[PDB]
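Colleague: One file is attached below, entry_30.txt, containing compact mmCIF, C-alpha atoms.
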```txt
# COMPACT_ATOMS: atom_id res chain seq x y z
CA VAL A 83 0.00 0.00 0.00
CA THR A 84 2.20 2.85 1.32
CA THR A 85 5.92 2.11 1.27
CA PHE A 86 8.29 4.16 3.44
CA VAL A 87 12.00 4.85 2.96
CA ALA A 88 14.57 5.37 5.71
CA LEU A 89 15.98 8.92 5.65
CA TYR A 90 18.96 8.19 7.94
CA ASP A 91 20.80 5.21 9.34
CA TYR A 92 19.25 3.92 12.59
CA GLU A 93 21.17 1.58 14.90
CA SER A 94 19.59 0.78 18.24
CA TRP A 95 20.73 -1.03 21.34
CA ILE A 96 17.09 -2.04 22.03
CA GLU A 97 16.68 -5.40 20.36
CA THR A 98 12.93 -5.02 19.75
CA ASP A 99 13.72 -1.95 17.67
CA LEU A 100 14.18 -2.36 13.96
CA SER A 101 17.58 -1.05 12.94
CA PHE A 102 17.93 -0.02 9.31
CA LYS A 103 20.02 1.66 6.63
CA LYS A 104 19.33 4.97 4.95
CA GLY A 105 17.42 4.08 1.77
CA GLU A 106 15.92 0.87 3.12
CA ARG A 107 12.21 0.37 2.55
CA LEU A 108 9.92 -0.15 5.53
CA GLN A 109 6.20 -0.46 6.13
CA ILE A 110 3.98 0.33 9.10
CA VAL A 111 2.23 -2.47 10.97
CA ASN A 112 -0.39 -0.45 12.88
CA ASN A 113 -0.89 3.19 11.82
CA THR A 114 0.95 6.52 11.69
CA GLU A 115 -0.13 7.70 15.16
CA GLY A 116 2.67 8.21 17.66
CA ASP A 117 6.33 9.10 17.52
CA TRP A 118 7.41 5.43 17.61
CA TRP A 119 5.82 3.01 15.13
CA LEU A 120 5.84 -0.75 14.86
CA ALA A 121 7.38 -1.37 11.46
CA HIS A 122 8.58 -4.09 9.10
CA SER A 123 11.57 -4.08 6.79
CA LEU A 124 10.91 -4.90 3.14
CA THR A 125 14.56 -5.97 2.85
CA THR A 126 15.38 -7.96 5.99
CA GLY A 127 11.85 -9.13 6.81
CA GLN A 128 12.22 -8.11 10.46
CA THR A 129 9.60 -6.35 12.61
CA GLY A 130 10.31 -3.84 15.36
CA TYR A 131 9.79 -0.33 16.58
CA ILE A 132 11.21 2.67 14.70
CA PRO A 133 11.20 6.43 15.24
CA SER A 134 8.63 8.05 12.96
CA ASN A 135 10.92 10.96 12.17
CA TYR A 136 13.43 8.65 10.45
CA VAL A 137 11.15 7.60 7.55
CA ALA A 138 9.05 9.09 4.76
CA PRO A 139 6.62 7.75 2.15
CA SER A 140 8.57 6.87 -0.95
```
Show the structure stored in the file as structure tokens.
Modeller:
Amino acid sequence: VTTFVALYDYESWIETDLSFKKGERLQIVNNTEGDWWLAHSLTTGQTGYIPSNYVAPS
């Protein structure tokens, strides 16, 4: 539906976060409410929380 792209690298020490590379495609699992979103990587297949301000619709 709506695909998002990472705007910056994100590496987290919280293992339930999704870490990702600038340019990687991600998707939202729930909705766009909140500053932290449950997300899924379209490249690694992993699911985890991400900061909303690190991604944009592509």
Colleague: Kindly list the centre and edge lengths in Å, rounded to one decimal, for the axis-aligned box that covers all listed atoms of stretch 125-140 of chain A plus 5 Å on each of its six sides, as lines of an AutoDock Vina configuration file.
Modeller:
```
center_x = 11.0
center_y = 0.9
center_z = 7.8
size_x = 18.8
size_y = 30.1
size_z = 27.5
```
Colleague: Between A:95, A:104, A:121, A:109, which residue has the minimum interatomic distance to residue A:83, considering all atoms listed in the file?
Modeller: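 The closest residue to residue A:83 is A:109.
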Colleague: Tell me which protein, DNA and RNA residues are within 7 Å of stretch 128-137 of chain A, counting only C-alpha atoms, leaving out same-chain ones fewer than 4 positions away, and put them as a PDB file with C-alpha atoms, in the frame of the given file.
Modeller:
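Dumped everything to out25.pdb:
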```pdb
ATOM      1  CA  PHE A  86       8.290   4.160   3.440  1.00  0.00           C
ATOM      2  CA  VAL A  87      12.000   4.850   2.960  1.00  0.00           C
ATOM      3  CA  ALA A  88      14.570   5.370   5.710  1.00  0.00           C
ATOM      4  CA  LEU A  89      15.980   8.920   5.650  1.00  0.00           C
ATOM      5  CA  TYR A  90      18.960   8.190   7.940  1.00  0.00           C
ATOM      6  CA  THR A  98      12.930  -5.020  19.750  1.00  0.00           C
ATOM      7  CA  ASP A  99      13.720  -1.950  17.670  1.00  0.00           C
ATOM      8  CA  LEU A 100      14.180  -2.360  13.960  1.00  0.00           C
ATOM      9  CA  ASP A 117       6.330   9.100  17.520  1.00  0.00           C
ATOM     10  CA  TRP A 118       7.410   5.430  17.610  1.00  0.00           C
ATOM     11  CA  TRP A 119       5.820   3.010  15.130  1.00  0.00           C
ATOM     12  CA  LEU A 120       5.840  -0.750  14.860  1.00  0.00           C
ATOM     13  CA  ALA A 121       7.380  -1.370  11.460  1.00  0.00           C
ATOM     14  CA  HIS A 122       8.580  -4.090   9.100  1.00  0.00           C
ATOM     15  CA  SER A 123      11.570  -4.080   6.790  1.00  0.00           C
TER      16      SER A 123
END
```
Colleague: I'd like to know which of A:101, A:125, A:107, A:114 is closest to residue A:85, using all atoms listed in the file.
Modeller: A:107
Colleague: In Å, rounded to a single decimal, give me how far atom CA of residue A:139 is from atom CA of residue A:91.
Modeller: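 Separation between atom CA of residue A:91 and atom CA of residue A:139: 16.1 Å.
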Colleague: Could you rebuild stretch 100-111 of chain A with N, CA and C atoms and give it back as a PDB file, in the frame of the given file?
Modeller:
```pdb
ATOM      1  N   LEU A 100      13.683  -2.038  15.285  1.00  0.00           N
ATOM      2  CA  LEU A 100      14.180  -2.360  13.960  1.00  0.00           C
ATOM      3  C   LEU A 100      15.297  -1.380  13.650  1.00  0.00           C
ATOM      4  N   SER A 101      16.495  -1.884  13.446  1.00  0.00           N
ATOM      5  CA  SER A 101      17.580  -1.050  12.940  1.00  0.00           C
ATOM      6  C   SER A 101      17.575  -1.136  11.413  1.00  0.00           C
ATOM      7  N   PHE A 102      18.074  -0.086  10.757  1.00  0.00           N
ATOM      8  CA  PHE A 102      17.930  -0.020   9.310  1.00  0.00           C
ATOM      9  C   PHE A 102      18.911   0.974   8.727  1.00  0.00           C
ATOM     10  N   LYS A 103      19.088   0.855   7.409  1.00  0.00           N
ATOM     11  CA  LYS A 103      20.020   1.660   6.630  1.00  0.00           C
ATOM     12  C   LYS A 103      19.263   2.746   5.895  1.00  0.00           C
ATOM     13  N   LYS A 104      19.852   3.931   5.820  1.00  0.00           N
ATOM     14  CA  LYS A 104      19.330   4.970   4.950  1.00  0.00           C
ATOM     15  C   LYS A 104      19.070   4.404   3.555  1.00  0.00           C
ATOM     16  N   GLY A 105      17.841   4.588   3.056  1.00  0.00           N
ATOM     17  CA  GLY A 105      17.420   4.080   1.770  1.00  0.00           C
ATOM     18  C   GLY A 105      16.637   2.790   1.836  1.00  0.00           C
ATOM     19  N   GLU A 106      16.687   2.092   2.964  1.00  0.00           N
ATOM     20  CA  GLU A 106      15.920   0.870   3.120  1.00  0.00           C
ATOM     21  C   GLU A 106      14.428   1.158   3.165  1.00  0.00           C
ATOM     22  N   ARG A 107      13.653   0.264   2.581  1.00  0.00           N
ATOM     23  CA  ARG A 107      12.210   0.370   2.550  1.00  0.00           C
ATOM     24  C   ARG A 107      11.603  -0.339   3.751  1.00  0.00           C
ATOM     25  N   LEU A 108      10.603   0.308   4.330  1.00  0.00           N
ATOM     26  CA  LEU A 108       9.920  -0.150   5.530  1.00  0.00           C
ATOM     27  C   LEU A 108       8.439   0.079   5.336  1.00  0.00           C
ATOM     28  N   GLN A 109       7.638  -0.586   6.180  1.00  0.00           N
ATOM     29  CA  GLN A 109       6.200  -0.460   6.130  1.00  0.00           C
ATOM     30  C   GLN A 109       5.683  -0.389   7.567  1.00  0.00           C
ATOM     31  N   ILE A 110       4.562   0.256   7.764  1.00  0.00           N
ATOM     32  CA  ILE A 110       3.980   0.330   9.100  1.00  0.00           C
ATOM     33  C   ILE A 110       3.029  -0.834   9.364  1.00  0.00           C
ATOM     34  N   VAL A 111       3.084  -1.349  10.582  1.00  0.00           N
ATOM     35  CA  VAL A 111       2.230  -2.470  10.970  1.00  0.00           C
ATOM     36  C   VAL A 111       0.877  -1.999  11.505  1.00  0.00           C
TER      37      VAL A 111
END
```
